[PDB]
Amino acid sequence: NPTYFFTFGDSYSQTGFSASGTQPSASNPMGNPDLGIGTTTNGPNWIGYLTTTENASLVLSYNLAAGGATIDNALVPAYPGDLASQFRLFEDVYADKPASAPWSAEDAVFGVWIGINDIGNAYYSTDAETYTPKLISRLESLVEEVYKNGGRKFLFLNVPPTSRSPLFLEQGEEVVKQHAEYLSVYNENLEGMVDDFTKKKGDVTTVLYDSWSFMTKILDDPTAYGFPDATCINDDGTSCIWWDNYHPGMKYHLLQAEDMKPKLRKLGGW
């Protein structure tokens, strides 16, 4: 009795899963590539840990996240594999519940982690108060496509403090602040959307995971989590928070997955 975990997002979530590669099964829950390959962490990422370490029952991961993704290239553009394109890949391959992924409302969980690159690319050129509702509305319309397919269980991760990644720290404190203030508005509007969606539909189970506060706790007291400081980079993924100047390592992702597990119990796989 598996949970079908369809995930959408950017390089904080990518694993290199191909829809034409080996598909998920009980003996191989990630499908492809091997667990711990294809990420920006030097090992598993939060999806790999949720699927194979923190899972309370069988979880099958169909991870459509793509590096660099923004929500929709008609809004903030970046790479072809935007969130809209990931939803289209889902609609093309899995939405009709094929034999390879015969999901139902009771056992499918749709996880979305998006907005890092929308904010990263547009925080200085757009007005957060009037522009982020457009991004959030487009996210909502994509979510509605899955809802129309029969999806009813949703996991949304808000945007973490990438304002304090080394990449942004080196641009100066006022840039950190400009980025952080924009991001806060985005996350407030994300929360309002998820709340409104949940109430309006009445038949969905939703989790809004506050990755922002969790990462911030670690950045504010890194040694409490076994990290020497909040700024060092190490591509072993465990010695520092940061695997490179813009992505956290596998140790951070494991800590986040462990923090998420109790919050995901209501979604059925945890």
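From 1 onward, residues are counted along the sequence shown.
Stretch with the higher entry mean CA B-factor, where the candidates are 67 to 75 and 169 to 177: According to the PDB entry, the answer is 169 to 177.
Could you check which stretch, 258 to 266 or 8 to 16, carries the larger mean CA temperature factor in the entry? Comparing averages over the C-alpha atoms only gives 258 to 266.
Which of these has the highest Cα B-factor in the record: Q86, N158, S125, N117? Across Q86, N158, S125, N117, the entry lists the biggest C-alpha B-factor for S125.
Options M30, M215, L50, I233 - largest CA temperature factor per the record: When the deposited C-alpha B-factors of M30, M215, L50, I233 are compared, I233 is largest.
Lowest, middle or highest third: where is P133 by C-alpha B factor in its chain? It falls in the top third of the chain.
Please say which third, lowest, middle or highest, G36 falls into when its CA temperature factor is compared across its chain. Its C-alpha B-factor, which the entry lists for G36, ranks in the highest third among residues of this chain.
Quick check for you: using the entry's CA B-factors within this chain, is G192 in the lowest, middle or highest third? As the PDB entry reports it, the C-alpha B-factor of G192 lands in the highest third of its chain.
Rank-wise, by C-alpha B-factor, drop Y62 into the lowest, middle or highest third of its chain. CA B-factor rank for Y62: lowest third.
Split into thirds by Cα B-factor across the chain's modelled residues, where does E91 land: lowest, middle or highest? For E91, whose C-alpha B-factor we compare with every modelled residue in the chain, the answer is the lowest third.
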